[PDB]
């Protein structure tokens, strides 16, 4: 972008909204690309700062959610804390 930012809460309401719309599209585009390149099925659920709902699924949201409920093994599960841990361990790359 025109200037480097740090990852922290945006307090300006207008900027928050603009950033949300742009980065939401960017996230769905990366999901699309991963789904096609690697033959994945993907769902994404987003609640904004007022808990309005936005969703994406590569093909069919209901199919992905029901497969989730049918899965009965341990699997990779991450949160923001895991992402931060990976960033702390990774190189400047």
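Take the two forms, superpose them, and find the largest set of C-alpha atoms that agree within 1.5 Å; that set is the rigid core. Numbering follows the first chain given and starts at 1.
Superposing on the core and measuring CA offsets in 5 other deposited structures of this protein, the stretch of 71 to 79 and 21 to 29 with the greater mean deviation is 71 to 79. The question of which stretch, 33 to 41 or 59 to 67, has the higher mean Cα B factor is settled in favour of 59 to 67.
Averaged over Cα atoms, the B-factor as recorded in the entry is higher for 84 to 92 than for the other of 1 to 9 and 84 to 92. Sort the chain's modelled residues by C-alpha temperature factor and residue 24 lands in the lowest third, per the entry.
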